[PDB]
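Working notes for the structure below.
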């Protein structure tokens, strides 16, 4: 009965690991900012956001070419493909662009923060910063958290806009559907406040979880060159489970 | 004109980097196996495959609950939801289960191999193994490559089976559609050799790219405790671009 | 804390991290009313010279014409120990 | 390579990594035809004893009565240097 | 000579593990105090308990009457202006330049203009001997210049307590020869009070003036390096010489041998 | 005494960078040969060029007539049975046990039964002094026992060339004292030929018999440790003493201190 004793010991440490990461979040956001805190947030928007711009724009095109090619092969048997422009822009705006653009943000810019704060912990830069008197949560961690909550909802819109334009390329200009019935099928069925705004609120709840996890794993490492790399797979797995987990809860509320 | 000169120097090293990874693949697969090579492949199927079983089975359920809840909200306006069991099992079998189950394999078991072969390179276990005479490509790398090509197509089937069963739960037993017209809508429209086999061949081309990249990045590191962690984000990004890139090429051939 | 001129500016009190911004500039205005560089310093009332007191002292020499419009005298047995540590006594007329 | 018997088994030739599997077992059958343990070894034709020759030698002592039936004699100036390195000459009757 | 830091009977437990059961230290002013011992014990956690980052559990840290933990957040921020720390690997801030590293303790505590900060950094980087490098990042910095910059950062406020933590751990005899003079020189010209944690018996007997040797949670011996070798306890005598006789053993297990059967 | 390895005028370039422009070494049989120098140069790449893993570009590596690179794949696999290598960090195989570490060079080369391999590992782990540990993984192994296991793995075939690579880099004086006896003992009882790459002048002058000092691509000095200090070149004299005068400098740049304006 050791394996059941080891298994129960595993999920007790993972439960108290949540409670440390909850108390770490209440110390960051319940504080008025220190002098100079906006100059570092603009710089941390460059590392997290702007470097992630190339992967999202390219991969957003490749889903749009697939959604236009799969939606045409199904809607041609029933002979109604004036709804092609609807189902492409309805799959992206409420479902795929909130979800897939959080599965690529957890990889590229999610795990990179855990390496960045993690390598500062093994090389004692975090411990050296505290003896000077500077608190490392306000100095290092907090400009990285606020640059994650802002930079992902700005990236699902670029994912959704490039995905529709890419879906317009293979649907209208390669397979040969009508251009005017493509766009006029959108404005009838796709509202703004029910679909585009509910695709943004779905990504703010996703941007909080892919950043609060990816910061806590790099702050509570164990300082070891092979203990860092084991916490970069702990933050890609835990982000992809909370994205798909809060997907169903937010879909049932918004579209139920 | 330095930034243009630095940008051209970046993509020349990334082109040469492909040619090293191509010559590394021709040395692994063009060799008859050494004595004892099957005993390590069964063990490496445990690390790559069996440890990845929990994330895929849980996340496969959460997509099925979403596909049943979104497909019902659209198909109830046109009043034809005897096609609910078709479009759920047609979205998974040819499109989502080959693609999403490769975006979670690149994170969990893809990047873990790059940490595993990467930490053997900085701590000189690979250099020490060669002076004994044992070739580290045949000894260490090659049981990890063949355990990646096998373990992913066994995992998209478990992803697709749990996704349909989960979609049957929220469609039939919670929203209240007919159970008999759910299943009989499947056997009419979903063939085996055109849909289930073409969803498996799509994942063998995906399992080759998410493993040959994730092995080469951990073999050609630069030995440095913060040079390993920069090559674990190089292998999640490059896998997610080749999954979505070879998606459109394989979809256009199979369903064009 | 305070410094006087008379004919020879003498620095008195302590120079440490919350009096070094007015004490640097009160001496800076003194230099431009005094031509043909007789402004030799007889700093001797210092008691806790701690390398910031050297930092404001070199910065007075930076504005001075040429690069030595002054001379320092009667060092408080400890400021010159700082000077050899920074290898600066080829650059300050300490004699 | 070869070892005889007569009345005292003598090990001759070289013992290194491609003759140590038959040479261990050819001596192992010798022990069970010889009772009341007079099987004292006079190994002296060895020329390149390289710690594997000690490894087959202790393994003959393992499958013997009690734990000691063989006594070793006339060591080739080098095998005993191996023995003190492994601190084994409280365990081998080298005298 | 008066004591600056008086550690008095503390205990630190990182989870059913004893580090420093009961121990009392004295850090005399103006005097180089070394702390030696076997690797794995809490040597560099003792510098963090002196510096006041980790918390004691059954004792006090005495900085001239005042406890460290009883200080307010505006006195502890003032007491940390009187301390320096050169870490094990030279913990520089890699995301910012050399001039920003040295000016980081000045801009965090004191409020000065740029024409005085850029002079003070040019005097701190001069006293180490690295005046020409003020613009490059701490990569393309050699390993011998990495620790010398981090010495200038820890000294950039003129404290009275600078704690080196293995300043020569696997370095060239040239770079070891440069650093052993700067510990002598900068202490003597600035009235510092150094603490050297190290395990290197030749220099540590010839650079220190009072040596503590901690082994498993208590002191094995103390005193000036004359009487440390004259009052040689059976653990200190093996430590300073590297002998094969004493309380720490060579062999793993003493089960004869023939008592194991390799099956 | 005859030479075992004769390095004769090679060059190694890792991409417009010169390591070992022109250099000739002699490794005499049965004799401890040390290689010292400043950190950053190709010291541990010289052991890989001797051992035949990296390739030379303009020279040869002579192992008793035969070049290393001209060997076939069935002679180079046979020549590597005559070489050992103890690396910088004790490169153990963490995914397998201690008994599997020591038996790894035996099972890769020779074909023996289990009752002889498990005896040979019990004799190799005894000669180091770790006979009771044969079943645990190389974590829960202390740092002092980590390098001692990796010495038993490199010696488990009785070679005639074992190349230590900084065997005491930041270790306790006890663990340094154990390892400096095993280099003396195991060499003398097995007729080895050791190579110690290190930078620690006290032991390396008193454990070696022929010292090469390489600085930027050539030899700065060689010979027995009597005449190394008697024929002291101006770079070797600064290296062995750690002085402040010679061809390697203290200051970074020389501009007085007024030719810079801190703007």
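The first chain written gets the first letter, and so on, giving A, B, C, D, E and F; residue counts start at 1 in each chain.
In the analysis below, a residue touches a chain if its C-beta (ideal position, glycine included) is under 8 Å from a C-beta of that chain, and two chains touch if they have at least 3 such contacts.
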{"item": "Chain whose Cα centroid lies at the greatest distance from that of subunit F", "value": "C"}
{"item": "Reference interface D-F: repeating pair among C-E, D-E or C-F with over half of contacts shared", "value": "C-E"}
{"item": "Averaged-CA centre spacing for the pair subunit E and subunit D, given as whole angstrom", "value": "57"}
{"item": "Inter-centroid spacing, subunit E versus subunit B (mean Cα positions, whole Å)", "value": "49"}
{"item": "Between subunit B and subunit D, centroid-to-centroid distance (C-alpha), Å", "value": "59"}
{"item": "Multi-chain contact residues (two or more partners), subunit E", "value": "109, 115, 119, 126, 257"}
{"item": "Two or more partner chains touched - positions in subunit C", "value": "86-88"}
{"item": "Shared-contact residues (touching 2 or more other chains) in subunit A", "value": "none"}
{"item": "Interchain contacts, given as pairs of chains that touch", "value": "A-B, A-E, B-F, C-E, C-F, D-E, D-F, E-F"}
{"item": "Subunit B partner contacts - residues on subunit F that touch it in the complex", "value": "48, 51, 53, 77, 80-81, 83, 85, 87-89, 91-94, 104-105, 108-109"}
{"item": "Subunit A residues within the subunit E interface of the complex", "value": "123-125, 127-134"}
{"item": "Residue numbers on subunit D that touch subunit E, as the complex places them", "value": "62, 67, 88, 91"}
{"item": "Subunit A residues within the subunit B interface of the complex", "value": "55, 58-59, 62-63, 65-66, 69-70, 73-74, 87, 90, 94-95, 100, 103-104, 106-108, 111-112, 115, 118-119, 122, 225-226, 228-230, 232-233, 236-237, 240-241, 244-245, 247-248, 251-252, 255-256"}
{"item": "Residues of subunit E touching subunit D in the complex", "value": "256-258, 261"}
